[PDB]
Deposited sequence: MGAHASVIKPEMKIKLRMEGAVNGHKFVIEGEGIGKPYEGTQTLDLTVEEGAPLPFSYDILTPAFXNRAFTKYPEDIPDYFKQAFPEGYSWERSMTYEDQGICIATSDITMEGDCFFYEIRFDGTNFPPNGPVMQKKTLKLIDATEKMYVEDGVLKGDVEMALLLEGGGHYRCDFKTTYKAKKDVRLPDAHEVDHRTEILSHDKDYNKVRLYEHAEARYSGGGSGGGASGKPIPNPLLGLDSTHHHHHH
């Protein structure tokens, strides 16, 4: 397989949230068959960001998912050609985000071209006031529809003070070639910011993800 036990990552994200433009670049490494990865992210334009970094972290690759032998792996099968994804995120206070990523590989490295746009966040809400603590561990429901793989998530960000800030995630994953399509399944996610500098101009980000049946 072209997916090696250790794969590097390079990415660039361009976008805008509530009128604030930005660019973030990233480099990292992970273990695709263990579903783990670490990214070092740097804000290259638009620093310091005025909004919660936690709305970005799922946008920074399901190739880094531990897939059981008996569930076809849509993402690893898609390489070396790769795949893209398109995602809508509707937050409970009517902030909404759209993100896309085009994922390719060369040698032992994945490359992501990411677009991220968000709007209509209340200026005094938790996103624009940076009152989120983390992404709560979440389960993504995967299922095939229209010949591609979809993932639906009812997820939540933890807020300072203990409240939950809910978001309906909907992703469409599009392999660039035909692959063996899986039956419906689930992917458990854990996302963690391991470290960051004062304004989050520099962030170290970790994900652990594993596929299973309900």
The deposited sequence goes unmodelled at 1-5, 66, 221-249
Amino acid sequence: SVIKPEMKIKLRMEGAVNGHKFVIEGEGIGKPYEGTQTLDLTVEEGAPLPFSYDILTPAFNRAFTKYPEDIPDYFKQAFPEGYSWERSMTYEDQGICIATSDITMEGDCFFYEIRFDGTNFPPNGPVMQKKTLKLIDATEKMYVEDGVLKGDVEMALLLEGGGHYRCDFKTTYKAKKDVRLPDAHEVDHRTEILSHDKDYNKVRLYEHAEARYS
From here on, numbers count along this sequence of modelled residues.
With reference to the PDB entry, specify whether the mean Cα temperature factor is higher for 194-202 or for 19-27.
-> 194-202
Per the PDB record, is the mean Cα temperature factor higher over 168-176 or over 45-53?
-> 45-53
Identity of residue with top Cα B-factor, from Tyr83, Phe110, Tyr91, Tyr74 = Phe110
Residue with highest C-alpha B-factor in the PDB entry, from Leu159, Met155, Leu149, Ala59 = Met155
Within this chain's modelled residues, let me know which third the CA B factor of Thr139 belongs to: lowest, middle or highest.
-> lowest
Thinking about Cα B factors across the chain, which third does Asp70 belong to?
-> highest
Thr119, C-alpha B-factor rank within chain (lowest, middle or highest third) = lowest
Which third of the chain does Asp40 land in by C-alpha B-factor: lowest, middle or highest?
-> highest
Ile98: C-alpha B-factor third of its chain, per the entry, is the lowest
